[PDB]
Amino acid sequence: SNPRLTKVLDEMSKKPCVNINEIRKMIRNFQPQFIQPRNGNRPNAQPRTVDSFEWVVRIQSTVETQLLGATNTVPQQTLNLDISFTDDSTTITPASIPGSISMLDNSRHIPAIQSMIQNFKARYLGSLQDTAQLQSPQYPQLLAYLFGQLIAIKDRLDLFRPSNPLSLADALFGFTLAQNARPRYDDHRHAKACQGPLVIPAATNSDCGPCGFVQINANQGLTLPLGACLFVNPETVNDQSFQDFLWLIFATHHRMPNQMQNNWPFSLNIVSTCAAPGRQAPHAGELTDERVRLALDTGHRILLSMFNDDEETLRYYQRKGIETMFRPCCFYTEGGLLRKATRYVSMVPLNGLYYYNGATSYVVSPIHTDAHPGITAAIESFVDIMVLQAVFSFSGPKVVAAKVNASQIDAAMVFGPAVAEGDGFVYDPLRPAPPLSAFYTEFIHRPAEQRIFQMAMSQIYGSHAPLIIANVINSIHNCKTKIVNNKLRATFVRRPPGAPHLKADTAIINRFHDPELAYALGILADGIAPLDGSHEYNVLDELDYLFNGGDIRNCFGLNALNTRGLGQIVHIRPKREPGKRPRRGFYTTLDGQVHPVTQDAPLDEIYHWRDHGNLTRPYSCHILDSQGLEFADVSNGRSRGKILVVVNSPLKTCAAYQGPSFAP
Amino acid sequence: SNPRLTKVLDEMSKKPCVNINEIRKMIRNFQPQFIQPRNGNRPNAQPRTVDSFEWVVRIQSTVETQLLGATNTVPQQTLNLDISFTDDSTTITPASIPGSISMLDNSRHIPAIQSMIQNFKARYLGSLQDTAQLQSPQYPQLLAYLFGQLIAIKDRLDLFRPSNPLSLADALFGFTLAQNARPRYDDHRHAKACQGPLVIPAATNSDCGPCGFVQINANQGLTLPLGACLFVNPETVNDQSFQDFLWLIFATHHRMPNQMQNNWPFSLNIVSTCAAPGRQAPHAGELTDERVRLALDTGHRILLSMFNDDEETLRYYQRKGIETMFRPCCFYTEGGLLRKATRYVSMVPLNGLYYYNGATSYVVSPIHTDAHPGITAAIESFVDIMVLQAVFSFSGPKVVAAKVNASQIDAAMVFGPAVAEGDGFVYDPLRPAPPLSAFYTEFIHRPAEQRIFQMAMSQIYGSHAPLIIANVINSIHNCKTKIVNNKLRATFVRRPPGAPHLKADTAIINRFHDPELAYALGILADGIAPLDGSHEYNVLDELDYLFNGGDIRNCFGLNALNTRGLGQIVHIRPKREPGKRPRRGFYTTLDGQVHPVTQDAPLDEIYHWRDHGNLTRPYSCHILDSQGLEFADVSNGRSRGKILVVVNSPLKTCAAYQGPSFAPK
Amino acid sequence: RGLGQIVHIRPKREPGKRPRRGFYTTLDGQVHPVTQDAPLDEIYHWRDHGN
């Protein structure tokens with residue numbers, strides 16, 4: 001029955017959204033150019049240890065406009081797309097909704113191991129089907145997350161050359177570290193890595209490395225352990241690469257903080273027909289780069305085999321393991337609201353039965369072979385948040401304010417027609433800041449946003465979308481972040497103490513980054529026009545639409561002339577239309593400051609705003625409402641000019657501007 | 001087939017009653033102007049411990065009448081409301097009726113709990129996958145009641161600022177106490193609170209603050225304990241404020257009377273997936289004001305999540321809990337009993353399965369942060385007691401009198417006009433007094449004082465009406481309070497156990513406080529008409545309306561001149577029947593005497609009633625019967641003038657004089 | 001003399017389109033607004049010369 005939603009769904013159906021594969025393909029070979037700290041500049045020589053948690057790899061992107069039929073030269077602006085580079089956070093949470101985490105079927109694994117046991121004349125108890133079903137289900141999720149974390153550590157330590165590196169393994173096993181010193185790759189305030197050299201478990205009778213080992217003997221009882229069992233052919237257990245991979249995972253799991261080493265035990269047990277090779281813990285430098293590369297390759301082979309040869313869920317989990325190191329930064333004052341609310345992945349302890357006799361599918365382009373896995377992982381997350389922003393900002397800007405007299409009056413007290421009546425919330429500042437979860441949970445579950453978010457995600461991903469939708473719904477439904485009134489200043493990574501209060505104390509909780517990036521990527525874009533090419537503005541009507549609550553970002557003429565004209569091109573005067581009592585026209589800004597307009601004056605003397613060229617804050621919600629105003633031009637018919645805009649971003653993809661929208 | 005009933009229903013439809021949000025909006029945010037003991041004056045400095053159970057914040061409000069034609073000016077009266085603010089009382093009873101208490105639905109606590117118990121649970125107890133055995137009763141009531149009691153403690157300490165203060169936590173726990181001495185607060189004759197310093201329970205293996213703890217891990221076992229289980233993520237259990245909130249709730253639960261403590265055990269116990277954080281047992285000065293406030297906030301969030309995010313019943317139980325220590329104080333010498341029979345909330349021992357992960361909602365102004373919640377709870381109660389008053393009085397005063405050698409079979413004698421046949425009972429005095437539940441129940445079941453109650457409460461509260469209604473009815477059914485021959489003297493909290501005696505040995509059992517407040521607040525009011533503006537009065541007819549079974553309060557034409565010179569205005573003569581027979585006339589007062597009138601004489605020495613000003617007892621039944629009177633006038637005019645009454649009260653609500661009523665036009 | 005407890009001012013009770021708030025402008029420029037029901041004595045509070 002809703003017309004607007006039907007129109008949007010029809011348009012989305014007619015113009016399909018860009019498949020994820022293009023976005024993956026267009027980043028596999030991207031060479032970063034800037035590794036400066038977010039705030040300052042790179043010092044002469046790199047430090048010896050990753051300490052300043054402010055570094056960022058900057059994907060520069062430039063936009064400059066021109067006023068056709070004029071001699072004005074607007075300075076070029078800069079779409080600063082920042083990727084956090086040294087900062088640790090957690091993306092694991094044991095809390096799932098029904099579709100959040102699935103159970104990979106053990107259809108092709110049980111028969112093979114059954115036949116193996118029968119062939120080697122091992123006396124087992126009970127048909128393996130029911131014992132598999134009840135004793136040990138099949139959740140290999142964890143072992144991919146650790147792999148992603150390892151790749152992320154490698155990438156981080158690679159980009160930031162710490163002036164005398166050792167190796168992937170020498171900075172990971174903590175050789176020559178004081179009992180209180182932190183690992184080289186992660187040494188700064190509020191890190192998330194256990195400190196000191198990691199300690200190998202004691203050498204027991206039978207060991208295939210850092211995990212237990214059980215061999216199957218002809219005419220001999222066989223009993224499985226309690227964790228996960230990975231049957232392998234004897235040709236592999238004696239391989240160097242396999243054991244090196246196993247050791248690397250073990251090391252990565254004993255470095256994550258102490259308290260998650262007792263909730264997600266890294267339990268595994270290799271089973272085969274060899275003689276227990278025993279653990280051979282590498283001690284001195286003996287894991288050269290080529291050996292580590294082989295280890296990673298064999299490891300990915302085993303992982304892909306465990307996932308029923310899916311390579312899509314595996315890629316998703318491997319990525320979700322990486323954001324723990326690489327995150328996409330915000331581009332607004334009150335940021336860290338969307339990313340902080342969509343990061344968690346529901347998980348279950350690792351257990352079940354596996355079988356690997358030989359690889360079957362040859363993944364051409366795995367994650368770990370990309371030019372820089374961190375960037376590739378971060379960009380996919382950026383896409384997720386972009387779509388989420390698109391769905392959220394479907395019916396307004398969703399403001400939240402801190403008015404002291406909050407109880408005395410209800411909502412819609414201050415926000416005029418601009419903020420859709422129903423999306424403005426307030427809270428008195430006497431109490432602590434509310435929980436963002438409260439607002440977002442109510443936002444997501446409305447039918448209008450649900451029925452569109454589902455379609456968008458399905459178009460982007462496909463058969464594998466439902467996992468992502470369920471997981472994001474869970475995460476947003478489970479977030480502890482508060483809407484703190486402070487500001488971020490957009491020149492840091494973590495909120496600095498003593499920062500000033502927000503603008504008008506009104507946080508806006510849709511924005512995460514400019515929609516021009518979404519347009520370029522070819523993904524769903526919110527109701528903002530794409531500043532792409534030639535435009536034909538008309539300052540009068542354009543300006544009039546602004547004072548009805550519209551976003552200034554949709555007004556090209558004003559932004560172009562913000563300080564080069566508009567003091568000699570347009571005037572503002574009260575409306576004298578009827579014969580009734582004359583009234584002083586007034587307009588209300590965001591903070592409820594009713595502004596009167598008595599004597600007609602040049603526009604620049606009535607309203608002001610900073611000139612960011614043509615990249616202004618999209619949803620700034622400048623003018624809530626205005627009544628009784630007229631706009632007359634005082635230039636001899638040169639207020640309807642044309643402008644040109646060029647956006648040569650380096651992350652443009654095939655579907656340049658073919659993505660859907662709301663206001664084409 | 002009841003003209004009065006249909007007329008009143010139509011009227012109430014015409015002018016809807018003000019829903020409670022206006023009352024909350026008005027009262028939420030004013031501080032009391034002055035707090036003093038009910039009888040006397042406050043001392044120079046407050047003592048160490050609240051020990052006199054009379055301190056009461058009061059709310060002045062006056063009436064001034066003004067008119068020309070009288071001899072001298074009329075002195076003003078002081079209609080002030082009081083709040084008990086110190087004395088304790090029980091409010092929790094085990095009885096029940098259909099709607100008295102309801103069980104919430106665990107339709108959004110079972111999915112998550114099952115999905116979190118299926119995975120992290122040793123793979124040798126079998127797969128559960130049934131989602132049908134997790135069906136324990138959901139009764140998360142008592143938690144809110146304890147929360148309310150805690151808020152009440154905080155407020156009572158704040159209002160009556162004692163000389164040497166202590167941290168709310170320190171006062172509540174009471175580390176530096178004596179062997180069996182009372183807590184720093186609530187130390188007086190009527191105080192009922194477990195004395196002595198509070199004792200932390202034990203040093204067991206699995207501790208998580210005051211309550212039990214069970215974990216679900218592979219190398220463990222799982223067995224849900226019997227009480228309530230609050231399944232939370234490992235993130236919050238290791239938090240700080242949450243632990244403090246648990247300690248606070250436990251602390252307030254062990255100060256209830258020992259017997260009531262045994263009845264309703266504190267059976268909460270938490271289950272999670274991480275190592276048990278040992279009990280902290282704060283002492284000396286660990287908890288402080290801001291930390292306590294943070295704990296309160298998180299506790300409120302927890303409780304809201306437990307209530308299926310209802311927040312209207314949550315506020316109800318929280319109010320009812322805070323009502324054990326604040327409550328309106330009656331205003332009539334009768335003894336202030338109408339409240340005592342409406343104060344009970346049914347309850348059952350807490351139980352169920354609860355999961356808590358986030359917020360799911362944000363309430364702009366919860367009760368616990370509104371500048372002295374005690375006052376707002378007390379007034380939220382008063383705004384219901386007044387409605388009950390209005391409904392009972394819908395028929396008549398409903399007196400109960402005492403006569404010697406009354407028939408111990410039936411106690412229903414007709415008293416005359418102004419008292420309908422149903423009401424107006426009688427009882428022998430020398431035997432124990434009646435139970436006062438043998439009248440109210442009979443009152444609120446008739447289909448005239450029922451539908452009115454239904455619609456009025458519906459308009460006041462809306463959807464969450466039934467619960468209140470049902471509950472109050474239950475309170476009436478089992479109330480042990482009894483009628484007594486004594487007075488409150490208007491400067492007491494409880495009857496002084498001496499020998500106060502009734503003026504007429506009778507008791508009017510349907511008046512609690514002056515209806516003027518009811519009119520001002522916009523709630524329903526009956527009978528008595530409002531007095532705020534100019535009025536046309538006809539003594540020659542108003543007085544006639546009086547002697548045929550009225551009450552003076554409606555007759556504001558008389559009180560103005562009661563002793564300002566009504567004497568030489570009107571005469572009463574027996575009767576001037578020009579025919580059958582010249583008989584003489586008489587009137588009967590509330591007592592038995594029937595002193596008669598024979599000749600013309602000034603009115604001032606035939607009735608001669610006490611003059612309060614323009615605020616007389618509304619249901620006093622000054623005259624019951626009178627036959628054969630004329631009320632001649634003795635001055636041309638001078639009995640058809642005007643009068644102006646101004647009443648200004650600080651609690652004027654938003655819609656003050658736009659509420660329903662059915663007082664004579 | 002007591003106009004306070006005689007009349008209240010409230011923003012508006014429009015039963016339909018939108019609950020917006022109201023304000024008044026004095027001879028100076030300031031446009032201080034009114035949001036809730038409140039006594040008149042503290043919203044305007046003009047100097048009293050008599051009649």
# chains A, B, ... in the order shown; residues from 1 in each chain; ligands from 1
call {"tool": "interface_residues", "arguments": {"of": "chain A", "to": "chain C", "cutoff": "12 Å", "atoms": "only C-alpha atoms", "output": "PyMOL selection string"}}
result
chain A and resi 405-417+420-422+583-588+592-598+625
call {"tool": "write_last_selection", "arguments": {"atoms": "N, CA and C atoms", "output": "PDB file, in the first residue's frame"}}
result
ATOM      1  N   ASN A 405      14.983  20.236  28.969  1.00  0.00           N
ATOM      2  CA  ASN A 405      13.553  20.126  29.223  1.00  0.00           C
ATOM      3  C   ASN A 405      13.005  19.023  28.331  1.00  0.00           C
ATOM      4  N   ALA A 406      13.545  17.813  28.469  1.00  0.00           N
ATOM      5  CA  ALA A 406      13.081  16.698  27.654  1.00  0.00           C
ATOM      6  C   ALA A 406      11.772  16.117  28.166  1.00  0.00           C
ATOM      7  N   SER A 407      11.622  15.992  29.482  1.00  0.00           N
ATOM      8  CA  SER A 407      10.412  15.401  30.036  1.00  0.00           C
ATOM      9  C   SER A 407       9.196  16.289  29.813  1.00  0.00           C
ATOM     10  N   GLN A 408       9.356  17.605  29.977  1.00  0.00           N
ATOM     11  CA  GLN A 408       8.199  18.495  29.982  1.00  0.00           C
ATOM     12  C   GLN A 408       7.423  18.404  28.675  1.00  0.00           C
ATOM     13  N   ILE A 409       8.115  18.165  27.567  1.00  0.00           N
ATOM     14  CA  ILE A 409       7.498  18.142  26.248  1.00  0.00           C
ATOM     15  C   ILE A 409       7.838  16.828  25.561  1.00  0.00           C
ATOM     16  N   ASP A 410       6.975  16.422  24.633  1.00  0.00           N
ATOM     17  CA  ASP A 410       7.158  15.189  23.888  1.00  0.00           C
ATOM     18  C   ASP A 410       8.116  15.410  22.719  1.00  0.00           C
ATOM     19  N   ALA A 411       8.293  14.370  21.907  1.00  0.00           N
ATOM     20  CA  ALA A 411       9.138  14.467  20.730  1.00  0.00           C
ATOM     21  C   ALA A 411       8.478  15.371  19.692  1.00  0.00           C
ATOM     22  N   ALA A 412       9.158  15.548  18.561  1.00  0.00           N
ATOM     23  CA  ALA A 412       8.711  16.482  17.529  1.00  0.00           C
ATOM     24  C   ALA A 412       8.552  17.888  18.098  1.00  0.00           C
ATOM     25  N   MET A 413       9.156  18.127  19.263  1.00  0.00           N
ATOM     26  CA  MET A 413       9.092  19.437  19.894  1.00  0.00           C
ATOM     27  C   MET A 413       9.901  20.468  19.131  1.00  0.00           C
ATOM     28  N   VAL A 414      11.049  20.062  18.595  1.00  0.00           N
ATOM     29  CA  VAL A 414      12.001  20.978  17.991  1.00  0.00           C
ATOM     30  C   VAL A 414      12.151  20.733  16.498  1.00  0.00           C
ATOM     31  N   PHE A 415      12.082  19.482  16.072  1.00  0.00           N
ATOM     32  CA  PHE A 415      12.354  19.142  14.682  1.00  0.00           C
ATOM     33  C   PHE A 415      11.118  19.416  13.838  1.00  0.00           C
ATOM     34  N   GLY A 416      11.218  20.392  12.945  1.00  0.00           N
ATOM     35  CA  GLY A 416      10.129  20.732  12.066  1.00  0.00           C
ATOM     36  C   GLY A 416       9.904  19.650  11.035  1.00  0.00           C
ATOM     37  N   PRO A 417       9.346  20.016   9.881  1.00  0.00           N
ATOM     38  CA  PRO A 417       9.086  19.004   8.846  1.00  0.00           C
ATOM     39  C   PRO A 417      10.340  18.346   8.313  1.00  0.00           C
ATOM     40  N   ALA A 420      11.689  13.719   9.524  1.00  0.00           N
ATOM     41  CA  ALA A 420      10.407  13.036   9.421  1.00  0.00           C
ATOM     42  C   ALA A 420       9.844  12.753  10.802  1.00  0.00           C
ATOM     43  N   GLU A 421       8.636  13.252  11.052  1.00  0.00           N
ATOM     44  CA  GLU A 421       8.017  13.099  12.360  1.00  0.00           C
ATOM     45  C   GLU A 421       7.906  11.619  12.697  1.00  0.00           C
ATOM     46  N   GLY A 422       8.659  11.185  13.704  1.00  0.00           N
ATOM     47  CA  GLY A 422       8.795   9.777  14.036  1.00  0.00           C
ATOM     48  C   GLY A 422      10.227   9.289  14.070  1.00  0.00           C
ATOM     49  N   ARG A 583       3.962  40.091   8.444  1.00  0.00           N
ATOM     50  CA  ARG A 583       4.583  39.277   9.478  1.00  0.00           C
ATOM     51  C   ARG A 583       6.060  39.090   9.173  1.00  0.00           C
ATOM     52  N   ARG A 584       6.872  39.063  10.226  1.00  0.00           N
ATOM     53  CA  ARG A 584       8.320  38.965  10.081  1.00  0.00           C
ATOM     54  C   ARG A 584       8.676  37.518   9.772  1.00  0.00           C
ATOM     55  N   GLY A 585       9.088  37.251   8.537  1.00  0.00           N
ATOM     56  CA  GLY A 585       9.467  35.896   8.180  1.00  0.00           C
ATOM     57  C   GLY A 585      10.604  35.401   9.055  1.00  0.00           C
ATOM     58  N   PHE A 586      10.549  34.119   9.408  1.00  0.00           N
ATOM     59  CA  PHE A 586      11.558  33.534  10.274  1.00  0.00           C
ATOM     60  C   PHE A 586      11.833  32.105   9.845  1.00  0.00           C
ATOM     61  N   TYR A 587      13.038  31.637  10.160  1.00  0.00           N
ATOM     62  CA  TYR A 587      13.438  30.265   9.899  1.00  0.00           C
ATOM     63  C   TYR A 587      14.182  29.736  11.113  1.00  0.00           C
ATOM     64  N   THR A 588      14.064  28.432  11.345  1.00  0.00           N
ATOM     65  CA  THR A 588      14.586  27.796  12.545  1.00  0.00           C
ATOM     66  C   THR A 588      15.747  26.883  12.189  1.00  0.00           C
ATOM     67  N   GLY A 592      16.888  24.918  17.439  1.00  0.00           N
ATOM     68  CA  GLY A 592      15.712  25.650  17.855  1.00  0.00           C
ATOM     69  C   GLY A 592      15.888  27.148  17.951  1.00  0.00           C
ATOM     70  N   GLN A 593      16.968  27.694  17.404  1.00  0.00           N
ATOM     71  CA  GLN A 593      17.203  29.135  17.427  1.00  0.00           C
ATOM     72  C   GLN A 593      16.359  29.773  16.333  1.00  0.00           C
ATOM     73  N   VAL A 594      15.155  30.211  16.697  1.00  0.00           N
ATOM     74  CA  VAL A 594      14.304  30.896  15.736  1.00  0.00           C
ATOM     75  C   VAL A 594      14.978  32.188  15.306  1.00  0.00           C
ATOM     76  N   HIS A 595      15.153  32.350  13.997  1.00  0.00           N
ATOM     77  CA  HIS A 595      15.855  33.499  13.446  1.00  0.00           C
ATOM     78  C   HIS A 595      14.873  34.385  12.701  1.00  0.00           C
ATOM     79  N   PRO A 596      14.767  35.670  13.024  1.00  0.00           N
ATOM     80  CA  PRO A 596      13.833  36.538  12.311  1.00  0.00           C
ATOM     81  C   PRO A 596      14.485  37.230  11.128  1.00  0.00           C
ATOM     82  N   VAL A 597      13.676  37.458  10.100  1.00  0.00           N
ATOM     83  CA  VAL A 597      14.108  38.135   8.882  1.00  0.00           C
ATOM     84  C   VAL A 597      13.159  39.305   8.671  1.00  0.00           C
ATOM     85  N   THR A 598      13.566  40.496   9.108  1.00  0.00           N
ATOM     86  CA  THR A 598      12.699  41.667   9.036  1.00  0.00           C
ATOM     87  C   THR A 598      12.928  42.525   7.795  1.00  0.00           C
ATOM     88  N   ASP A 625      13.022  24.436   9.458  1.00  0.00           N
ATOM     89  CA  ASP A 625      11.771  24.959   8.932  1.00  0.00           C
ATOM     90  C   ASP A 625      11.887  26.460   8.731  1.00  0.00           C
TER      91      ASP A 625
END
call {"tool": "interface_residues", "arguments": {"of": "chain B", "to": "chain C", "cutoff": "10 Å", "atoms": "only C-alpha atoms", "output": "list in words"}}
result
residues 22, 25, 26, 646, 647, 648, 649, 650, 652, 653, 654 and 655 of chain B
call {"tool": "residues_around", "arguments": {"residues": "residue B:442", "least_positions_apart": "4", "cutoff": "12 Å", "atoms": "only C-alpha atoms", "output": "list in words"}}
result
residues 392, 398, 422, 423, 436, 437, 438, 446, 447, 448, 449, 450, 473, 476 and 477 of chain B
call {"tool": "interface_residues", "arguments": {"of": "chain A", "to": "chain B", "cutoff": "8 Å", "atoms": "only C-alpha atoms", "output": "PyMOL selection string"}}
result
chain A and resi 94-98+134-136+263+348-349+406-408+426-428+434-435+437-439+441-442+477-480
call {"tool": "residues_around", "arguments": {"residues": "stretch 144-149 of chain B", "least_positions_apart": "3", "cutoff": "8 Å", "atoms": "only C-alpha atoms", "output": "VMD selection string"}}
result
chain B and resid 140 to 141 152 to 153 249 252 to 253 303 314 317 to 322 324
call {"tool": "closest_residue", "arguments": {"among": "B:510, B:375, B:333, B:638", "to": "residue B:496", "atoms": "only C-alpha atoms"}}
result
B:333
call {"tool": "residues_around", "arguments": {"residues": "residue B:168", "least_positions_apart": "2", "cutoff": "8 Å", "atoms": "only C-alpha atoms", "output": "PDB file with C-alpha atoms, in the first residue's frame"}}
result
ATOM      1  CA  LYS B 154      17.179   6.874  49.197  1.00  0.00           C
ATOM      2  CA  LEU B 157      17.255   9.882  53.654  1.00  0.00           C
ATOM      3  CA  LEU B 166      26.305   8.529  56.011  1.00  0.00           C
ATOM      4  CA  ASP B 170      26.765   2.564  54.359  1.00  0.00           C
ATOM      5  CA  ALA B 171      23.441   3.391  56.001  1.00  0.00           C
ATOM      6  CA  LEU B 172      21.693   0.574  54.145  1.00  0.00           C
ATOM      7  CA  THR B 288      29.610   5.843  46.850  1.00  0.00           C
ATOM      8  CA  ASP B 289      26.941   8.159  45.518  1.00  0.00           C
TER       9      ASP B 289
END
call {"tool": "select_by_dssp", "arguments": {"residues": "stretch 48-276 of chain B", "states": "alpha helix (DSSP H)", "output": "PyMOL selection string"}}
result
chain B and resi 110-119+142-159+168-173+234-237+241-253+258-263
